[PDB]
């Protein structure tokens, strides 16, 4: 029985913890995962203070080669806009990318702005102030959210850009996906972006969004998967799944990565990290699905397995898988 430690992205923490809990019950192995944020996850793996780092934002091939890291995706999730608008139920409100950007730009301050009214003709929107909430530190969720906004709002693109950290025009800072859920839940009129599981598990109302194709879509596990159907994984694991074309493609979709060293100095730990993730691909789909994360296609996991065999070695060049 092994004792493993990972750290990073809170985006997939609900499913990683669930997998960790089950894995221990079935095998005795203990995986301790700390949701500290993608930025921290990256610093820890590079500082070798954990067996595996987790980040929603992918490292480039050059950056991976420079740090001697290997990156592989695990699941597909989606970012949603959780809202606390009194008198509205979950899924009722529809926003489009331009309008979401303008709210984040501080250009739209009330819930009954003409712009929101236009997207929701049948709606009785309150003249409530919009309380924008965003991440306090380095966040992979911020990375995918800002990647999406830059694509749909030119002013955001030109003035704030994309990143795990950006100079937010307005908004209160929340710590972690959990912190944003808690803020929205306590601030009437709040809008915050969270990985879907955090909204559902906290009973937060969320909005629908309009697809790249121009259609209103609801955030569901299937719609997260739809957004990835067109990804050429054979080309690279570092797929941009934001604003993807296709029917029922949730527009703010993203996979998330695990980072491990290619040259394993503690090969026993490395072998065990691999087994845990292999077990998760082999047996963790239902648990990911229960939490509304979509599984990667089998073809991708096979690609990942082949890359493990080729890339992960001990200091004697012996593969660990």
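Positions refer to the first chain, counted from 1.
For the segment pair 114-122 and 146-154, the entry gives 114-122 the higher mean B-factor, averaged over Cα atoms.
Mean CA B-factor, 5-13 versus 21-29: the higher value falls on 21-29.
Out of 215, 208, 135, 167, it is 215 whose C-alpha atom has the highest B-factor in the PDB entry. Taking the PDB entry at face value, the top CA B factor among 270, 40, 284, 58 belongs to 270. The deposited CA B-factor of residue 179 belongs to the lowest third of values across its chain. Among all modelled residues in this chain, the alpha-carbon of residue 97 has a temperature factor (C-alpha) in the middle third. For residue 260, the recorded CA temperature factor ranks within the middle third of the chain's modelled residues. When the modelled residues of the chain are ordered by their C-alpha B factor, residue 228 lands in the middle third. When all modelled residues of the chain are sorted by CA temperature factor, residue 130 is found within the highest third.
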